[PDB]
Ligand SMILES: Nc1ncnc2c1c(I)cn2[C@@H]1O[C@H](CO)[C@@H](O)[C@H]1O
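Just the one chain here, laid out as structure tokens, in the form deposited without the ligand.
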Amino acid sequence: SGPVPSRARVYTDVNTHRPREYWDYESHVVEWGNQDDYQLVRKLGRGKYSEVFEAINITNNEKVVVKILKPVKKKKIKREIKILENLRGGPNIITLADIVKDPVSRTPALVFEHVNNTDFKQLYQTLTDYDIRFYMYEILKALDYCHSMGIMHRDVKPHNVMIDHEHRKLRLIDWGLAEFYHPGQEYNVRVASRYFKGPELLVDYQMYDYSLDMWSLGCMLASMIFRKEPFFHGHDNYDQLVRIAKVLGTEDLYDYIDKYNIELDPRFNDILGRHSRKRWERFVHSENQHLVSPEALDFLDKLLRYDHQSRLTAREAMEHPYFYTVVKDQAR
């Protein structure tokens, strides 16, 4: 009889009470600049939607990052630009410095403040328990800020968390998948990376909200305290839900399905089966035990829930005992 509607527990009508210009990005007017103001120094990477370069601003010798966008709908470019502008200056949000076009190619490119990146692959094993708590708290600052501004990131993963460990700075980047939250809107479930997709994406429930990001955060946390990246490592979008079900159990999954009257893909009942909810001690061993504590397990359990409404909000997560010490150290 159709899925049951859902509304965000927090920041439900933030966009409704703001002026139309804030969230109606299709009508945003962009003043494009000349990319000749920047000389590309070196290539940093080739992402899924763009190519990234370290560049120099020849007008003031500023080190910057130039993200030349691959051919995509101008609607998405406007969306990312508008979101970056609305969030500019927020805590732990990457800063859009300029918006330019190649004078000959007319290809759009976004200019960002430079951040001294540290690769998460080599940084995982460097992180102590306290470092994990600290950087999780910083990510929570960024997520709560963007959620309070009516925006869900929809692509939270280690690749999109730049960390300067020398100065303990953190930036949440890559807002090309972010969207404005509007109550009752049905969103595309073909977003985010497979390993960090919330169950609502895998079962094709389109009326999701900021809580999606929180699920992603949980996944990240599970990979850090357990030293298993990625934690839910599925072959495809169906095997991803199967890998989740083998940990969280199938009982809560089918309760979630029935609560929202979600029409499950018939190829799921052939592979989901019946699984108990595993205790987290199952994943603890001598190599990761120093990163696991009762507080970490309680926090992670409150993040990884099938029901998106029952997940902690970013603000609620910032108040968990797992971060107490961090908060204590931040009062200095």
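Think of the rigid core as the biggest set of C-alphas that the two forms share within 1.5 Å after superposition. The first residue of the shown sequence is 1; numbering continues from there.
Using the rigid core as the fitting frame, the root mean square C-alpha deviation in 8 other deposited structures of this protein is greater for 33 to 41 than for the other of 270 to 278 and 33 to 41. Taking the root mean square of CA deviations in 8 other deposited structures of this protein after fitting on the rigid core, 197 to 205 and 113 to 121 differ, and the farther of the two is 113 to 121. Here 154 to 162 and 119 to 127 are compared by their mean Cα B-factor, and 119 to 127 comes out higher. For the pair 291 to 299 and 41 to 49, the mean B factor over Cα atoms is greater in 41 to 49. As recorded in the entry, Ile271 carries the highest CA temperature factor of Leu304, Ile68, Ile271, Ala55.
Residue-level inspection of the entry shows that, of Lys197, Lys78, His235, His147, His235 has the top Cα B-factor. Looking at the C-alpha B-factors along this chain, the one for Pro103 belongs to the highest third.
The deposited CA B-factor of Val191 belongs to the middle third of values across its chain. Among the modelled residues of its chain, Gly89 has a C-alpha B-factor that falls in the lowest third, as given in the PDB entry. Sort the modelled residues of the chain by CA B factor and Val326 lands in the middle third. For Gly218, the recorded CA B-factor ranks within the lowest third of the chain. Only modelled residues enter the ranking.
The following text describes the form solved in complex with the ligand, which does not appear among the structures shown.
Against the ligand in the bound PDB entry, the set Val52, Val115 and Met162 is in full contact: each member has a heavy atom within 4.5 Å. With the partner removed from view, the residue among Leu297, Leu291, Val284, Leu44 that has a non-hydrogen atom within 4.5 Å of the ligand in the bound PDB entry turns out to be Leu44. Residue-level contacts in the bound PDB entry: of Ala142, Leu87, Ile257, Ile173, one residue has a heavy atom within 4.5 Å of the ligand, and it is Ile173.
At least one heavy atom of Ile94 is located within 4.5 Å of the ligand in the bound PDB entry. Under a 4.5 angstroms non-hydrogen atom cutoff, the ligand in the bound PDB entry lacks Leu304 among its neighbouring residues.
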